[PDB]
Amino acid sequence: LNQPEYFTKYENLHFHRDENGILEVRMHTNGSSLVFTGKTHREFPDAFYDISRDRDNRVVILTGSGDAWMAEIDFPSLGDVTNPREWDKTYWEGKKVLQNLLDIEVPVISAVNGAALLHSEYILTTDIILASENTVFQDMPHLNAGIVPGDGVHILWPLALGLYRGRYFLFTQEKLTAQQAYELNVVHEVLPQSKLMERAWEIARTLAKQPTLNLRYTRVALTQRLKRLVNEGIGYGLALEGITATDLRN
């Protein structure tokens, strides 16, 4: 096929792009809802870089598969996080994944297709957030494991919910429904499961009518402050998280 090589380079991402440069990127594990792994932690930064480098991507839709956006993780596959020499890989990849995802230089629409229980900081880099009615949001794994929620959730959830409710949400592992997230201005439209992707594409097609440089530079203008905020705290959060992972040996 005439499509870019990177479209089929990632076992856990499906890519489809229309003639308008609207790219839908769908996370999956063997076609089912994603199980997050060491492999995805390593590869996703590269995938987001590849998407960002390709000037034929004019709008991006980021979504998951099945009835969850991301609700499963294969903890052992992440490597021995209690060993700082292994955590350093995770730390490096944690800084790159958000840098590279922010550096996508066109509007990014999240189509949140169900529970987002980990790695919801990805959603919080995107410009328009649509959620199916069954969606819930939670920072599940960190306080389950006893390690710092230091991978960007610590910056982006307090930006989303404000520095009061955002800290309550993280410290208590609060779960928000799609409707709550909508009232909290995180989700912008709540859709039936059967209509979520159609609506994402409809918004994308309207955006695609813009001149290319306008799509790109509006994205730049609207992400400057967000990038500064992420850069401020991402490395420190992930370093603190690494120390708490080490401490699990104590």
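Note that residue numbering follows the sequence shown and begins at 1.
Chemist: Could you check the entry and say whether 10-18 or 236-244 has the higher mean CA B-factor?
Modeler: Looking at the recorded C-alpha B-factors, 10-18 comes out higher on average.
Chemist: Check the entry's C-alpha temperature factors for 49-57 and 221-229, then say which stretch has the higher mean.
Modeler: Result: 49-57.
Chemist: Among the choices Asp88, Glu121, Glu72, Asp127, identify the one whose CA B-factor in the record is greatest.
Modeler: Going by the entry's C-alpha B-factors, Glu72 comes out highest.
Chemist: What's the residue among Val148, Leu159, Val112, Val81 with the greatest CA temperature factor in the PDB record?
Modeler: The record points to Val81.
Chemist: Please say which third, lowest, middle or highest, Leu176 falls into when its CA temperature factor is compared across its chain.
Modeler: Middle third.
Chemist: Would you mind ranking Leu163 by its C-alpha B-factor against the rest of the chain and naming the third, lowest, middle or highest?
Modeler: Bottom third by C-alpha B-factor.
Chemist: Going by the CA temperature factor in the PDB record, which third of the chain does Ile155 belong to: lowest, middle or highest?
Modeler: Lowest third of the chain for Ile155's C-alpha B-factor.
Chemist: Give the position of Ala68 by CA B-factor within its chain, expressed as the lowest, middle or highest third.
Modeler: CA B-factor rank for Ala68: highest third.
Chemist: By the recorded C-alpha temperature factor, relative to the other modelled residues in its chain, which third is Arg216 in?
Modeler: Ranked within chain, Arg216 CA B lands in the lowest tercile.
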